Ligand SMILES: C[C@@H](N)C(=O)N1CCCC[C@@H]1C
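To begin, one chain is listed below as structure tokens, in the form solved without the ligand.
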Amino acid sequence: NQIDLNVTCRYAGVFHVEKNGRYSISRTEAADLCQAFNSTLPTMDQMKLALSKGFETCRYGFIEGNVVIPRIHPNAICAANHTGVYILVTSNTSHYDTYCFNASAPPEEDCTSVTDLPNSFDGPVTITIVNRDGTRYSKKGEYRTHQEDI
């Protein structure tokens, strides 16, 4: 009973979370997951500020109201070569990664590793936070509040 969460640097508090190495998070699971990090789904303006501080990914993820990819450098296989906060318009499917926003994080780029999941609750799952530099933090718990996500 294991969940792997890959997390990025934070940019003005905004960060990306990928679950189990594939697009696997529903909109309800995304909110619960950010809540486990004492975080919320970013607003579009919080995401635009993060982008301006250096944030970019090549993965779709939820924000409040939309599914997006923040892009700085044009890349033909990331958001069809677009720059800015790219908004997904048409998709058949419902599961993506997520973005989260922690208001207590530093104001600009924070590429230190994440060593805690402070607001998870009691549960049976081994949850492992995986940083890009390979450092890991694990704890037994749960963060999903909707049965249809479990």
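C-alpha atoms forming the largest set that superposes within 1.5 Å between two forms make up the rigid core. Quick note: we count residues from 1 along the sequence shown, nothing fancier.
> Which stretch is more displaced from the shown form in 9 other deposited structures of this protein, 100-108 or 87-95, with RMS over structures and residues of Cα positions after a rigid core fit?
Replying inline: Farther from the shown form on average in 9 other deposited structures of this protein: 87-95.
>> Please compare 84-92 with 118-126 and say which has the higher mean C-alpha temperature factor in the record.
In response: Comparing 84-92 with 118-126, the higher average CA B-factor belongs to 118-126.
>> Please compare 109-117 with 47-55 and name the stretch with the higher mean C-alpha B-factor in the deposited structure.
In response: 109-117 has the higher mean C-alpha B-factor.
>> Ranking the modelled residues of this chain by C-alpha B-factor as given in the entry, is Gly134 in the lowest, middle or highest third?
In response: Answer is middle: the recorded C-alpha B-factor places it there.
> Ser104: which third of its chain by C-alpha temperature factor?
Replying inline: Its C-alpha B-factor, which the entry lists for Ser104, ranks in the middle third among residues of this chain.
>> How does the C-alpha B factor of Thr98 compare with the rest of the chain: lowest, middle or highest third?
In response: Lowest third of the chain for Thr98's C-alpha B-factor.
>> Ranking every modelled residue in this chain by its Cα temperature factor as given in the entry, which third contains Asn66?
In response: Tercile = lowest for this residue's CA B-factor.
There is another form of this protein, the form deposited with the ligand bound, and it is not shown here; the text below is about that form.
>> Going by heavy atom distances of 4.5 angstroms or less, which of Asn66, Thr43, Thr28, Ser113 would be at the interface with the ligand in the entry with it bound?
In response: Contact residue from the list: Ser113.
>> Even though the partner isn't displayed, in the entry with it bound is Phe62 close enough to the ligand, meaning a heavy atom within 4.5 Å?
In response: Output for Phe62 is no: heavy atoms all beyond 4.5 Å of the ligand.
> Are there residues in 4-39 with a heavy atom within 4.5 Å of the ligand in the entry with it bound, and which are they, in order?
Replying inline: If the 4.5 Å heavy-atom criterion is applied to the ligand in the entry with it bound, 4-39 yields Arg10, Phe15, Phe37.
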